[PDB]
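One chain comes next, on its own, written out as structure tokens in the form deposited in one PDB entry.
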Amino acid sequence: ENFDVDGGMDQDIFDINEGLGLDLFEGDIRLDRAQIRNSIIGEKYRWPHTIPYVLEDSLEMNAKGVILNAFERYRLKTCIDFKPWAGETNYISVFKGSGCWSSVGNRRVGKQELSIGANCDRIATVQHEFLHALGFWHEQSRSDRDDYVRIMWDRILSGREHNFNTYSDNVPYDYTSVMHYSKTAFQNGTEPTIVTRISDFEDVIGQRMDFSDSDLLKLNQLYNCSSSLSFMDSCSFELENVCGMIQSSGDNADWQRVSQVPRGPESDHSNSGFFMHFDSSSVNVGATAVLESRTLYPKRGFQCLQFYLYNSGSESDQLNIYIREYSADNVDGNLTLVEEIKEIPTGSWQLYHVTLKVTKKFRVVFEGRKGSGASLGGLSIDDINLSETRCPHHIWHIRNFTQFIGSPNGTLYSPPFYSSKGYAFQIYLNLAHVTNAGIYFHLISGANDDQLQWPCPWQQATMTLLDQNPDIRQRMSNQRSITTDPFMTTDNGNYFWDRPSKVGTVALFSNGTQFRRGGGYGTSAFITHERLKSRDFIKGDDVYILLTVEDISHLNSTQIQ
């Protein structure tokens, strides 16, 4: 009884628009009057660094949330920002048209339409359409494209051959571009229409996870970006000056930059390769050592500190996180304990997220502490990232992951979680299919159910398969969102998102306690197993699914200004 938003298919932008018969340039580009196809966009047809926008009322509620999520990716990785339209002469009007499409560049026409239609509410689709708005074309149309890919003309659907035309017009050809067609673009049959000449990229082309490194380089070079709104720092200890961090102790303890520890880890997490290590084996009980960042300058007032930790020491050792915030009244700073990380499981790298709310210049202080008893190792930290973003609400850590890919036993249910509004939920990850991974959001019976609004109204669940790249700026995480529509009905006439005790099926927790699970809402095409096995989604055989469930009923109201 699960609901698949993708209807048992894996349709890209180009499959959605083809199925509607839109006949746009290269499937999703709306050419302007006398605009030259695949031509250089001049300075006059560019947006300012901050783009005014309107999210029109025709947009689906899930689409509005997804678009705002896309803006947060631009704010982390570029110096492009977006602001609600306040009367500027030109702005982007995002609306529910037929299919997903955009003009290429700032056409200087005042209100400029960008369509995010039905089935276009995917963050990378939004990112792709806004790259068109910013002035970018597709990658496979480059004049040198035949040196990198082969077009299988006999496999293209009759009358769709013109979508592969090249014109007359530097960064290397980018197979990973979010602006590249997939190998199945306009195919007639089961055989690919685009074959990469380098066999390694056959299943890479057509990625729809995030911007590629080359997509970002081109955009950041165009807008002269030297910073972003929400990136703060990334440290993997790869250089001897360790990103300006300063280690100290009053206890004959220290943090050492090492490539290995005899008791563990045998190597860094980044994966020659270095990490910081607090030895607890040869210091006295209660000895501490602090590793302090250089001074950082926040622009937003909320932050997410994240890092990987390895414990080869004792159950009694701990890592304390402090913030030292500086203000005019106290130049030595105000030191505050923000997190105590205790009883760290031994023998594996583990990801931690710490929520911060610092508004003044500050330093992050990592304090390793030796606890009671004996130790043969210590605490190791690597891949520290800091951004002015919200921490995920919940994190589902799946260990020994690879054994489940394409396997009949690959039907995984997350631990139960409580959303911000108090709804209890569970995630279902289906890895049993031969080619695609599926992901579904379920409401479950919870302690607050008697006082909650039913059917569940406009909660947006964002599920992110983390790309565990050492640098937050280089992660191409695979993210999908769904929104609970309180008017959605089942085949039997009941409300899909009603109270699980009323419409749910019986299930058991790992401990054997019975509960009610509502219908699952999600997609059978979350990611292909081939892409799931690429980049750093799996690292040390661990997978992380980040989860945020929030009320988006405030997005219903007309955008006024």
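Throughout, rigid core stands for the largest set of C-alpha atoms superposing within 1.5 Å between the two forms. Position 1 is the first residue in the sequence shown; the rest follow in order.
Although not depicted, the form deposited in another entry is the subject of the following passage.
- Superposed on the rigid core, the two forms differ between this form and the one not shown by 2 Å or more at the C-alpha of one listed residue only; from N252, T402, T89, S407 that residue is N252.
- The Cα position of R475 differs by less than 2 Å between this form and the one not shown after fitting on the rigid core.
- Annotation for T184: C-alpha shift of 2 angstroms or more between this form and the one not shown, rigid core superposed.
- With the core held fixed between this form and the one not shown, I151 has its Cα displaced by at least 2 Å.
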